[PDB]
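Data file: input_10.pdb. Format and content: PDB, N, CA, C and O atoms.
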```pdb
MODEL        1
ATOM      1  N   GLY A   1      61.327  73.524  99.301
ATOM      2  CA  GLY A   1      60.956  73.682 100.688
ATOM      3  C   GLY A   1      61.442  74.993 101.274
ATOM      4  O   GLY A   1      61.061  75.368 102.386
ATOM      5  N   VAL A   2      62.278  75.694 100.540
ATOM      6  CA  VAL A   2      62.824  76.947 101.004
ATOM      7  C   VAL A   2      62.039  78.089 100.395
ATOM      8  O   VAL A   2      62.035  78.267  99.180
ATOM      9  N   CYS A   3      61.348  78.817 101.215
ATOM     10  CA  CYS A   3      60.619  79.965 100.762
ATOM     11  C   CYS A   3      61.411  81.214 101.032
ATOM     12  O   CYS A   3      61.583  81.639 102.189
ATOM     13  N   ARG A   4      61.936  81.772  99.986
ATOM     14  CA  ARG A   4      62.705  82.969 100.079
ATOM     15  C   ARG A   4      61.879  84.128  99.572
ATOM     16  O   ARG A   4      61.567  84.208  98.381
ATOM     17  N   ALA A   5      61.487  84.981 100.473
ATOM     18  CA  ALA A   5      60.728  86.144 100.130
ATOM     19  C   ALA A   5      61.659  87.331 100.018
ATOM     20  O   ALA A   5      62.123  87.882 101.030
ATOM     21  N   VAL A   6      61.967  87.682  98.812
ATOM     22  CA  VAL A   6      62.822  88.807  98.526
ATOM     23  C   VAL A   6      61.915  90.002  98.304
ATOM     24  O   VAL A   6      60.827  89.855  97.762
ATOM     25  N   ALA A   7      62.317  91.133  98.744
ATOM     26  CA  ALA A   7      61.529  92.320  98.556
ATOM     27  C   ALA A   7      62.424  93.440  98.086
ATOM     28  O   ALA A   7      63.396  93.775  98.752
ATOM     29  N   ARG A   8      62.135  93.976  96.940
ATOM     30  CA  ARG A   8      62.909  95.072  96.419
ATOM     31  C   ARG A   8      62.038  96.319  96.380
ATOM     32  O   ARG A   8      61.548  96.722  95.321
ATOM     33  N   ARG A   9      61.819  96.881  97.563
ATOM     34  CA  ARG A   9      60.999  98.080  97.774
ATOM     35  C   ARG A   9      59.612  97.925  97.141
ATOM     36  O   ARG A   9      59.284  98.549  96.126
ATOM     37  N   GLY A  10      58.823  97.052  97.720
ATOM     38  CA  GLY A  10      57.492  96.808  97.209
ATOM     39  C   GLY A  10      57.434  95.575  96.331
ATOM     40  O   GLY A  10      56.442  94.831  96.355
ATOM     41  N   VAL A  11      58.494  95.349  95.568
ATOM     42  CA  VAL A  11      58.576  94.200  94.673
ATOM     43  C   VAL A  11      58.851  92.940  95.486
ATOM     44  O   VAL A  11      60.009  92.605  95.776
ATOM     45  N   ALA A  12      57.794  92.290  95.886
ATOM     46  CA  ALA A  12      57.868  91.086  96.669
ATOM     47  C   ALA A  12      57.985  89.885  95.739
ATOM     48  O   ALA A  12      57.240  89.764  94.762
ATOM     49  N   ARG A  13      58.922  89.039  96.025
ATOM     50  CA  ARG A  13      59.166  87.857  95.260
ATOM     51  C   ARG A  13      59.311  86.696  96.230
ATOM     52  O   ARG A  13      60.377  86.491  96.809
ATOM     53  N   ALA A  14      58.240  85.982  96.441
ATOM     54  CA  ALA A  14      58.244  84.870  97.362
ATOM     55  C   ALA A  14      58.394  83.575  96.592
ATOM     56  O   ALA A  14      57.432  83.057  96.026
ATOM     57  N   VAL A  15      59.596  83.080  96.526
ATOM     58  CA  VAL A  15      59.855  81.854  95.819
ATOM     59  C   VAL A  15      60.027  80.687  96.776
ATOM     60  O   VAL A  15      60.903  80.696  97.646
ATOM     61  N   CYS A  16      59.158  79.725  96.654
ATOM     62  CA  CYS A  16      59.248  78.520  97.426
ATOM     63  C   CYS A  16      59.848  77.452  96.571
ATOM     64  O   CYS A  16      59.213  76.937  95.644
ATOM     65  N   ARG A  17      61.082  77.155  96.835
ATOM     66  CA  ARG A  17      61.801  76.211  96.062
ATOM     67  C   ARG A  17      62.498  75.213  96.943
ATOM     68  O   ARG A  17      63.291  75.572  97.821
ATOM     69  N   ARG A  18      62.118  73.972  96.765
ATOM     70  CA  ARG A  18      62.694  72.825  97.444
ATOM     71  C   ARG A  18      62.440  72.919  98.950
ATOM     72  O   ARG A  18      63.244  72.470  99.772
TER      73      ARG A  18
ENDMDL
END
```

Could you render the structure from this file as structure tokens?
Amino acid sequence: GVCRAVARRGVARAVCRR
């Protein structure tokens, strides 16, 4: 249920976990 959108200068990582 937690969507953590990490971005490392263009590198978007949207992980929706729990």

Exercise. Enumerate, as an MDAnalysis selection string, the residues matched when the PyMOL selection byres ((chain A and resi 4) around 6) is run on the file above.
Key: chainID A and resid 2:3 5:6 13:17

Practice problem: Within chain A, find each residue whose DSSP state, derived from the backbone, is strand (DSSP E or B), and express the selection as a PyMOL selection string. | Solution: chain A and resi 2-8+11-17

Is it possible to get the axis-aligned box enclosing range 3-14 of chain A (all listed atoms, 5 Å extra per side) as AutoDock Vina command-line options, with centre and edge lengths in Å rounded to one decimal?
```
--center_x 59.9 --center_y 88.7 --center_z 98.4 --size_x 17.0 --size_y 29.7 --size_z 17.5
```
